[PDB]
Every structure is written in C-alpha cells, then in structure tokens.
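Next come the chains, spelled out residue by residue.
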Amino acid sequence: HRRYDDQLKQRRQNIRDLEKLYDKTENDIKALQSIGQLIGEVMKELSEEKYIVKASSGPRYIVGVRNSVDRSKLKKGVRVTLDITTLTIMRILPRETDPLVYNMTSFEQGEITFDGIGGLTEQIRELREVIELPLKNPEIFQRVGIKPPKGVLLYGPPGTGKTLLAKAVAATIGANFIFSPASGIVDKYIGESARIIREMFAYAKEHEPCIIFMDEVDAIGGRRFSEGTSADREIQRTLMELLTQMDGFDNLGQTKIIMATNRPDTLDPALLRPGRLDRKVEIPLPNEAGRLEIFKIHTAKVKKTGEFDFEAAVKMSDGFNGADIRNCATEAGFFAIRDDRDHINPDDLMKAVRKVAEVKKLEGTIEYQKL
Amino acid sequence: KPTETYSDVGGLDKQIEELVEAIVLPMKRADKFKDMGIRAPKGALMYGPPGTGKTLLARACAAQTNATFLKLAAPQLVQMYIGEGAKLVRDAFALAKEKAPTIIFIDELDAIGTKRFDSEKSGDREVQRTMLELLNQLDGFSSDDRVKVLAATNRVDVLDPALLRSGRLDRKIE
C-alpha cells in the first residue's frame, strides 16, 4: 500500500523542483526580449525637454525626456541613460566615470600587520600621524590651522619591504584602496592616458577620500628630451594631469596619495618640491635593534627549535644585505633536508645568513637617494 | 615538456643540484614546506659565459617536472605599440592562475633594464615599462611558489639592482 505512495511522494518533490525551472527558463526569453541602452553624460542644457548628452563613443546628440525620470537630476555633470533607437533619455543611473573595478579594488587579504613590518617603528609612527590621524580625527590639524598632507613618498633601498607597506597600512584602516601600477595605465589610446588620473580623483568624492596608492613609478617623472619619444608623448600628458591635479581648485587634502618608487630622482622635480608632495618618508637600512624584531617575524609561523638564535644573526651579515632577511629563511630550509630534520638547526640558520653574503653581488649602494 | 633529460649531460651535477633545489624539489616537497612554513625560492639566477649549457640544463629540468612550460624572451617584451609589452608579462602570469604548477623561462635577463636619468638622451622608457611589470606581478597574486621563474642571463655587470629579492630570485647559480 505504502510502496506505490512513497514513489509518488518522491516525484512530487521533483515536480516542485521543475516548477522553479519553468519560470527560470521563461525568464531567459524575457531577459533576451530587452534591448540595449546607451549610457552618456549630460554636457549642456539646451532647454527644459531638450538636453545635450555626449555618447560614450564621442558623438553628441539632442535627446528628449520621459515621464519616468526627474529633470532635476538630468542637469549637467550627471551620467544618464540614452536610447539606441530614438536617442532619448530612458532611465537614470549613478555616476561612474569608467567602471574599472580591478583598478578601484585593491584585493585586501590580511597577512602582514604593523607587527610584521616592525623594526621600522621609527618610520612607522611617522606614517600613522599623517595617514591614520587625519583620516580619523581631522579636527586636530584644523585647530592649529595647517592643511592635511596630500601625498606621501615612500622610498629606500630594494628589499626593505616597501611593497609590504601598502598591505600593512591597508590591513588596519580597512578603507578603500586604489592600486595603480605605473606601466599598467600607460596603454596607448587617445586622451585615455590623462583620463585615468582624472578617474581616481573623481571617484574619491563618491567612494570617500580613503587612500590612493601608486606602485613603482619610474616613468612619468622624467624631463623627456625629444629624440622622437617613440609614441610616448601620450605619457607627457599623464605627467601634466598629475601636476595640475594637486594645484587644481577642487577640494583636496582628505585623499592620501601614496607613491612608492625605487629611487626618488626619477620622479618629477615639480612634484618633489613643496606644494604637491609635502611628505618624503625614507625607509633606510634598519639599525641593530631594528633587525632583531624582524627575525622573530619570519621564524614565528615557521617551525623552529627553542634554541633559535637571537642577536647573532645581525652580527653575521653586516653590509652585505642588511635589508631583506626573508632570503635567510628560504636558505635555511635546504640545510635541514640534507640532514633529514623537520625542525631547523640553529647552526644551519647562521649558515644560511652567511650564504646570503655571496648571493646578491648586485652593488646598489645608496648614498644618493637621501634627498 | 621538452625532450632533454639529465642523462644527456655530465659533469655539471654541481650546477644541476642547484637547479634541482629550485624548480624540482620545492614542487614535490611542497607538502613539507607547507607544514614547516618555509617559503620556496621564487626563482634562480643563471649567468656565465654564453657558451655554457644554461639553455640545456634549464631544458633538462623542465622535462623531469612534467608540467606546463612557458617561454618568454626579454627582447620580445618591447614592441612599437605601447602597452602590448606590458600585457605580455601581465598575461604571462595569468596563465599561472588557471594552471597553478607552471614554469616560466626568461632568456637574457640583461636585455630589459637600465637607469638612464642623469646623462643625455633622457633614457628611453620603451623598455623599463615591461620591467616594472616584473616587479609588480611578482609582488601581486603571484609568489605562491608555483610561479617559479628560471632567469638566464649572460653577465652580472649590467643589470637592474632591484631585480633580486626574496620574492623574485633567491639562489644565484654560477
């Protein structure tokens, strides 16, 4: 009796599962019945029902209005939606210049914090005053009367963790961060090279000032004497846009500009002078006490022995590197494999530091980048 | 994978064992590095007289791993179209995402780099663009120690001092 009934009860559950598939399939045709809509920004207001909106392709047309939109938000400076057939305004969308998300989102995954960049504390407490404080309690600078700093320059010898400085500050504030590589925005197009900089400062008002980051820019800061320039003239307008932005009449000082580079001299001396970049923060070789905090950082998550060395690792490598310790952590793993040990020999840790002395041979001694 | 193996070479085992510790052992022993927390070397520097077996030794190591290989020449990163060379390095590590255990080879590392600020001509900048991609991509989603790159160059004299880091090239193999 219940054998035939239980078979139909299981089919009844499959009937309701197909009912959701019926509407889902019918909605596919309903989604394909829709047409395309042109997106443009209002340039000039011709009349009440007549507007001039520039299409995304660059032509302009005189478009009408409908009863489903409000003419108060259809004025200039607001991105609207046009029609691809009769060329009229249909709907209203929020203002987004060039919605490139990979440039807007920094892909934050917490790894290194202020305790992992330690040993730089002399320069770490220097950054948090001009970054964390004005983005938290801006009235401190307003009571004295000084204007909040706009740009911050992070430079130094390679291997000191300047790249990790972007992820360390971003792991605390938790606000928005815009990563803009130097050679990723140089893609050759008409008027696009200077427009990319205009984007980040345009999105800073709607997305809140937060922090904008620049990664290893060796290019736009050059004088560029003319050999023919080999199509790079598009980069010249990129430098002009960056200089005119700081001196522009728009409200600034809330948005922080973090620009890191290998050496400062390649940057535009117009930027290095006051009025645009007010903050030059050097990250030189840490002192004897600064390196000691870093060895505990790399040996924390790594399985070690309780005899792991403290202050002798600083005395082993002097003047050869003095910057990147993480090289020593990688070399120490190979000595334990030959001896068939999971834990690292404290003597092999000192041998890995001695090996690094002959690893670099890249010269790169920096006495010239102080200024 | 290529057709070259370790049997076709001899007497280079001193330099071969240095290559086995780069793209060979950290790939199979990765289970040990994850438990120990030790990061594998991101790459290995190769230099010497141009008439060595650096092209053959790097070829013998690629067939033993039996993994997807990618060959990218440094002079090929410079093109007349701006941004095309920047997309080469950007799309080179993009294939290291879909296929995680891959091998990238860069021939003539000295081909891309310079300073060129003080003196006349104001440099070039049609070169250093793709060099900044090598610094940014290896500091990006990459450096999971499946991206390990074999860097082959002639001499050590002319090179960018910023090309060597614990996140780019570790073992310098003479």
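Note on numbering: every chain is counted from 1 along its sequence as written, possibly out of step with the entry's scheme, and residues lacking coordinates are dropped from view. Chains carry letters and ligands carry numbers; both start at the beginning, A for chains and 1 for ligands, and go up in the order they are written. Every figure reported here is calculated on the shown chains, themselves a piece of a larger assembly. Note: side-chain values were computed over all heavy atoms of the structure, leaving out hydrogens and water.

For this deposited structure, the header cites cryo-EM as the method used and 4.5 Å as the resolution.

Enquirer: Explain the packing of aromatic side chains here, please?
Expert: Two aromatic rings, taken as a pair, are described by how far apart their centres are and by the angle between their planes. What counts as a ring pair is set by centres within 6.5 Å for rings of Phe, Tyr and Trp (its six-membered ring), and what kind of pair is set by the plane angle: stacked under 30 degrees, edge-to-face over 60, tilted for all other angles. Here the structure, examined in full by the defined rule, presents four aromatic pairs over all chains. With a centroid separation of 5.2 Å and an interplanar angle of 70°, the aromatic rings of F308 of chain A and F310 of chain A are classed as edge-to-face. Summary of the burial criterion: residues with accessible area below 20% of their type's maximum are buried, those above 50% are exposed, and those between are partly exposed, where the area comes from a 1.4 Å probe applied to protein chains only. Of the residues examined, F308 of chain A reaches a relative accessible area of 30% and is grouped as partly exposed. Here the aromatic cluster, defined as three or more aromatic residues joined through ring pairs, consists of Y102 and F107 of chain A together with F141 of chain B. Placement of a positive charge over a ring is assigned whenever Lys NZ or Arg CZ falls within 6 Å of the ring centre and within 35 degrees of the normal to the ring plane. The residue whose ring lies beneath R171 of chain B is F334 of chain A, and the NZ or CZ to ring-centre distance is 5.5 Å.

Enquirer: Any chance you could explain the UniProt feature "binding site: ATP" in chain B here in plain terms?
Expert: Residue and element names in this part refer to chain B. UniProt positions are given in the numbering used here, feature names are shortened, and annotations may be inferred rather than shown by experiment. Per the UniProt record, "binding site: ATP" is annotated on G48, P49, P50, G51, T52, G53, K54 and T55. Here a helix means four or more residues in a row that DSSP labels H or I, a strand means two or more in a row labelled E, and each is numbered from the N terminus. By the secondary structure assignment, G48 is in the loop between β1 (43-46) and α3 (54-65). We classify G48 as partly exposed; its relative accessible area is 22%. Residues count as neighbours in contact if any of their non-hydrogen atoms are within 4.5 Å of one another. In this view, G48 contacts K54, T153, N154 and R155; residues no more than four positions away in its chain are not counted.

Enquirer: Explanation requested: unusual backbone geometry in the structure shown.
Expert: For residues that are not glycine, phi is negative in most cases, and the peptide bond is trans in most cases. Residues and elements named next belong to chain A. Its identity is not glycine, yet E216 carries a phi of approximately 50°, on the positive side. Residue placement: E216 occurs in the loop between β7 (211-215) and α7 (233-246). For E363, which is not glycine, the phi dihedral falls at a positive 60°. Tracing the chain through its elements places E363 in the segment after α12 (346-356). You can call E363 exposed: its relative accessible area is 68%.

Enquirer: Looking at this model, I keep getting lost on the sheet that holds strand β6 (residues 177-181) of chain A. Mind explaining?
Expert: Backbone-to-backbone hydrogen bonds join strands into a sheet, with any given pair of strands oriented parallel or antiparallel. Residue and element names in this part refer to chain A. At least two DSSP bridges between two strands are needed for those strands to be called paired. Reading across from one edge, β6-β7-β8-β5-β9 is the order of the five strands in this open sheet, with parallel pairing throughout. Looking at strand neighbours, the two that pair on one side only are β6 and β9 (279-282), the edges of this open sheet. Looking at each pair of strands side by side, their axes are set apart by 20° on average, direction ignored. An axis is simply a line fitted to the C-alpha atoms; with a helix, the fit covers only the stretch in contact. Between two such axes, the angle follows the N-to-C directions and lies from 0 to 180 degrees. Contacts between helix α3 (residues 121-130) and the sheet are confined to β5 (151-155), β8 (256-260) and β9, with β9 contributing the most and set at about 155° to the helix.

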